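Chain naming here is simple, since letters A, B, ... match the order of the sequence lines and numbering starts at 1 in each. Just the heavy atoms: all of them, side chains too, but no hydrogens, waters or symmetry mates, feed the values below.
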Amino acid sequence: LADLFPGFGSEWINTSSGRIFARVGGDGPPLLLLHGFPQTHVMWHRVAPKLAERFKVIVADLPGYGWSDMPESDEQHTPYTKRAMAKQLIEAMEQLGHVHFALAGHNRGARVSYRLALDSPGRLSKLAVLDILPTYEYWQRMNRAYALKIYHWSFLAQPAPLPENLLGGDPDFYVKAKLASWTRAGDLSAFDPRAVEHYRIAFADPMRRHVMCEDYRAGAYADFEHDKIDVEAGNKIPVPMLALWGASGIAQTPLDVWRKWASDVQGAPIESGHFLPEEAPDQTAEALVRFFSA
Amino acid sequence: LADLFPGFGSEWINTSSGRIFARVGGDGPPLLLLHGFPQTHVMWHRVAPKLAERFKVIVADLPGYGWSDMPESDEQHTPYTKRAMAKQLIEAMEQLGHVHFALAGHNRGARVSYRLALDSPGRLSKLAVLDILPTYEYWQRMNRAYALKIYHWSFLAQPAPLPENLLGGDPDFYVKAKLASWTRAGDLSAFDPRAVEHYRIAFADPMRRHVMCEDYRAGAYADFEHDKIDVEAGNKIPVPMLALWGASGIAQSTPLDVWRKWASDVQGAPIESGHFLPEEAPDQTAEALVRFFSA
Ligand SMILES: [Cl-]
Ligand SMILES: [Cl-]
């Protein structure tokens, strides 16, 4: 497995729910970066160097992903709810002495991030979400066209062991297909092969795939209910917020949606499929540096 | 594999789209029975003998299923659209000299059957549809709860080879899990094990699994579009119709209110059953069908 973060340390951070793995580089204000599915912290390898020019950058594997430990789940998928993942990452950041930090997330990691901002806004100075809308919004939009396009939100959420059993046949194929299908190119050519190997290696482990399905089960049930309470309450994120999205990505009218969720948000499309930090590393890094800079 | 229709003949019927396998029994007015997914013609084995006391019963494998031939598909999934399957079975029935016949279908077979009534109502004296709503109505009701409750329509319709590769690893597990999941009790106790083996052996062939995925791709795309044209035009089936559904089945998540939108002469009833009415509730299903087709 390649080292894709020149000048970054490797840290195992303890929490009450298990260790969080992170690459840590740079100096200055702290900035936490959170990946999603089906990836690991290494998806930030093209933009983290640029960020570490100006920030102390912490590139964390989500609870249960990558090299982070896997807490035992329960019937309500609790540890892989975004509320719980956010609480676990707040604890990890406390181990480093960071109780007020900047945060950028992509895919599942952006769901942890906006949930963190709703539950504990005092933890965050600024928030960036990459190519997502809130979980509640994607479910409200779940008509035929969306059921077909984001089928995996329902498939991966089927009761165990249905998706686990199917994924075990040829996991390499499924993970590479998801990576390719959500890019603009439709193939794997936007990715560093060394990074694809990190993603394949993780996805090859049945325990890791089981966590992924628990994460989508949470996304269909408790995460949805948590979001629904905030919508019913008219709660809005007060943290200054940036929403970036792919011109051919999944979130796509994104700024109009996030404005119903957040009182201070700017945004922009980037010509890219879903995987902004890998398909469009220079534009994503520039937008993030400019946003997070005081 | 067992013979579950002791006494019935076997026919391999040529059509322009490939052979249709059927078991043939009884005597009297002609009655075509059409299975669905993930089954074959054998799912009628507990009701066909009773029907054969009153009708000439033709128990056919759908195009691409069981022992019927598998036409090569295309970008629009054409041979596995219900419009094409209906045309093919109309050709098959004409090979037997049946140009006007009674029809009962279940699951995909029921979708072939109502599409056949919308496209070619003159071919049918009466029609029964077992535990389905129109494909348009399934998709229209799509929302979070339905997406999570009935996921396979969107999953099996994903572009090839995604579902085919996922189903390849352990096909027995998937087909047995679907058969059990849609019954009242959630297990295989409703099925004759010999019938389950028929289903399992069909599902074990990658070519048969690809046909099934093409059928669901049709169901998400051209079948839905064909339905949408009829409903937006206000077209109703004129053929006298029976909608029979399971109280715990897939369609009920009443069907009769839905079907009255699609058909001008429809009656219907629930049966205490999951989806698989002819195996879960064979005597009630056979009675309901004999009474409807005889009346
Ligand atoms: Cl996501
Ligand atoms: Cl239905």
Margin query: If I compare all heavy atoms of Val258(B) with all of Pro134(B), which pair ends up nearest, and what's the gap?
Written below: CG1-CD, 4.0 Å

Margin query: Is any side-chain heavy atom of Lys56(B) closer than 4.5 Å to one of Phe101(B)?
Written below: no

Item checked: CG on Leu34(B) to CE on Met43(B), rounded to 0.5 Å -> 10.0 Å

Notebook entry, point to check: At what distance, to the nearest 0.5 angstrom, does CZ of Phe191(B) lie from CZ of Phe276(B)?
Noted result: 4.5 Å

Checklist line | For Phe173(A), all residues meeting ring pair (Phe, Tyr, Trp, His ring centres under 6.0 Å), sequence neighbours excluded | finding: none

Check: Does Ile132(B) offer a backbone N or O that forms a donor-acceptor pair with the side chain of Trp259(B) under 3.5 Å?
Finding: yes

Check: Sub-3.5 Å donor-acceptor pair from the side chain of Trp153(A) to the main-chain atoms of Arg144(B), do we have one?
Finding: no

Margin query: I'd like to know if the side chain of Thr15(B) pairs up with that of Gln88(B) as donor and acceptor (distance under 3.5 Å, no hydrogens or angles considered).
Written below: yes

Check: Between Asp230(B) and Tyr136(B), is any side-chain donor less than 3.5 angstrom from a side-chain acceptor?
Finding: no

Check: From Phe224(A) CZ over to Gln140(A) CD, what is the distance, rounded to the nearest 0.5 angstrom?
Finding: 5.5 Å

Next item on the list: Give a yes-or-no answer on whether the side chains of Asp170(A) and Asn165(B) include a donor-acceptor pair shorter than 3.5 Å.
Entry: no

Note to self: Angle between ring planes, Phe37(A) versus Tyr216(A), binned at 30° and 60°: parallel, tilted or perpendicular?
What the structure shows: perpendicular

Item checked: Nearest-0.5 Å distance, CG of residue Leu124(B) to CD1 of residue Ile90(B) -> 7.5 Å

Note to self: Pair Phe155(A), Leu166(B) - check side chain to side chain contact (heavy atoms under 4.5 Å, CB included), show working.
What the structure shows: CA-CA 12 Å; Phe155(A) 168 61; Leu166(B) 283 166; 4.3 Å; yes

Check: Is there side-chain contact between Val290(B) and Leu51(B), with heavy atoms separated by less than 4.5 Å?
Finding: yes

Notebook entry, point to check: Below 4.0 angstrom, N of the basic side chain to O of the carboxylate: do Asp119(B) and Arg115(B) qualify?
Noted result: yes

Next item on the list: Flag the pair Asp223(B) and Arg83(B) as a salt bridge only when some basic side-chain nitrogen lies within less than 4.0 angstrom of an acidic carboxylate oxygen.
Entry: no

Notebook entry, point to check: Under a 4.5 Å cut-off applied to non-hydrogen side-chain atoms, are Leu156(A) and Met212(A) in contact?
Noted result: no

Check: Has the side chain of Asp131(B) got a donor or acceptor atom that lies under 3.5 Å from a matching backbone atom of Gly249(B)?
Finding: no

Notebook entry, point to check: Do other residues, nucleotides or ligands put more than 12 heavy atoms under 6.0 Å from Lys236(B) NZ?
Noted result: yes

Margin query: Closer than 3.5 angstrom, by distance alone: can the side chain of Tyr146(B) be matched with the main-chain N or O of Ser253(B) as a donor-acceptor pair?
Written below: yes

Checklist line | Short N-O contact, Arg217(B) and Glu164(B), less than 4.0 angstrom | finding: yes

Item checked: Worked verdict on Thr40(B) versus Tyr199(B) for side chain to side chain contact (heavy atoms under 4.5 Å, CB included) -> CA-CA 6 Å; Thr40(B) 69; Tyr199(B) 311 145; 4.1 Å; yes

Item checked: Side-chain heavy atoms of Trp44(B) within contact of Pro278(B), under 4.5 Å -> yes

Note to self: Quick check on ring-ring contact (aromatic ring centres under 6.0 Å, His included): which of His35(B), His210(B), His198(B) does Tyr65(B) satisfy it with?
What the structure shows: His35(B)

Notebook entry, point to check: Tell me, do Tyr151(A) and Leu162(B) make a side-chain contact under 4.5 Å, heavy atoms counted?
Noted result: yes

Checklist line | Check: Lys82(A) side chain, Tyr80(A) main-chain N or O, donor-acceptor pair, under 3.5 Å | finding: yes

Next item on the list: Please work out whether the ring planes of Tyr114(B) and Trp262(B) are parallel, tilted or perpendicular, with thresholds of 30° and 60°.
Entry: perpendicular

Margin query: For a quick check under 3.5 Å, do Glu279(B) and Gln39(B) share a side-chain donor-acceptor pair by atom type?
Written below: yes

Notebook entry, point to check: Where the side chain of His100(B) meets the backbone of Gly122(B), is there a donor-acceptor pair that is under 3.5 Å apart?
Noted result: yes

Notebook entry, point to check: Side chains of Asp69(B) and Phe21(B): closer than 4.5 Å at any heavy-atom pair?
Noted result: no

Margin query: To the nearest 0.5 Å, what is the distance between OG1 on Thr81(B) and CD on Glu225(B)?
Written below: 12.5 Å

Checklist line | Any donor-acceptor pair under 3.5 Å from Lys126(B) side chain to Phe292(B) backbone | finding: yes

Next item on the list: Sorted by first residue and then second, give each salt bridge (charged side-chain N to carboxylate O under 4.0 Å, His left out) pair with at least one member in residues 247-268 of chain B; sequence neighbours left out.
Entry: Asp257(B)-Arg260(B)

Next item on the list: Identify the heavy atoms of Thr135(B) and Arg111(B) that sit nearest to each other, and give their distance.
Entry: OG1-NH1, 3.0 Å

Margin query: Looking at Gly219(B), is its backbone amide N or carbonyl O close enough to the side chain of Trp139(B) to form a donor-acceptor pair, meaning the two atoms are under 3.5 Å apart?
Written below: yes

Check: So do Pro63(B) and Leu89(B) actually touch side chain to side chain, heavy atoms under 4.5 Å?
Finding: yes

Check: Run the side chain to side chain contact (heavy atoms under 4.5 Å, CB included) check on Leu116(B) and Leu127(B) step by step: do they pass?
Finding: CA-CA 10 Å; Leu116(B) 198 166; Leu127(B) 158 67; over 6 Å; no

Item checked: Heavy-atom neighbours of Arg184(B) CZ exceed 12 at 6.0 Å -> no

Next item on the list: Kindly assign one of parallel, tilted or perpendicular to the pair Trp182(A) and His152(A), based on the angle between their ring planes and the thresholds 30° and 60°.
Entry: tilted

Next item on the list: Would you mind checking if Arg23(B) and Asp3(B) are paired as a salt bridge, meaning a charged N to carboxylate O distance below 4.0 Å?
Entry: yes

Checklist line | Polar contact flag, side-chain donor to acceptor under 3.5 angstrom, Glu91(B)-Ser16(B) | finding: yes

Check: With the threshold set at 4.0 Å, does a side-chain nitrogen-carboxylate oxygen contact exist between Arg194(B) and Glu197(B)?
Finding: no

Notebook entry, point to check: Are any non-hydrogen side-chain atoms of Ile20(B) and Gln95(B) less than 4.5 angstrom apart?
Noted result: no

Check: Just checking, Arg54(B) and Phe293(B): is the charged tip under 6.0 Å from the six-membered ring centre and within 45° of the axis?
Finding: no

Next item on the list: Indicate the atoms forming the closest heavy-atom contact of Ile250(B) with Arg141(B), along with that distance.
Entry: O-NH2, 3.2 Å

Next item on the list: Check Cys213(B) against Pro163(B) and note the closest heavy-atom contact, atom names and distance.
Entry: SG-CB, 3.7 Å

Next item on the list: With rounding to the nearest 0.5 Å, note down the distance linking CE in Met85(B) to OG in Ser68(B).
Entry: 9.5 Å

Next item on the list: Kindly say whether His275(B) contributes a backbone atom to a donor-acceptor pair with the side chain of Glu280(B) at under 3.5 angstrom?
Entry: yes

Next item on the list: With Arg208(B) as the cation and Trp67(B) as the aromatic partner, state whether NZ or CZ is under 6.0 Å from the six-membered ring centre and within 45° of the axis.
Entry: no

Margin query: Looking at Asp283(B) and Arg46(B), is any side-chain nitrogen of the basic one under 4.0 Å from a carboxylate oxygen of the acidic one?
Written below: no

Note to self: Has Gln158(A) got a side-chain atom pairing as donor or acceptor with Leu148(B)'s backbone, closer than 3.5 angstrom?
What the structure shows: yes

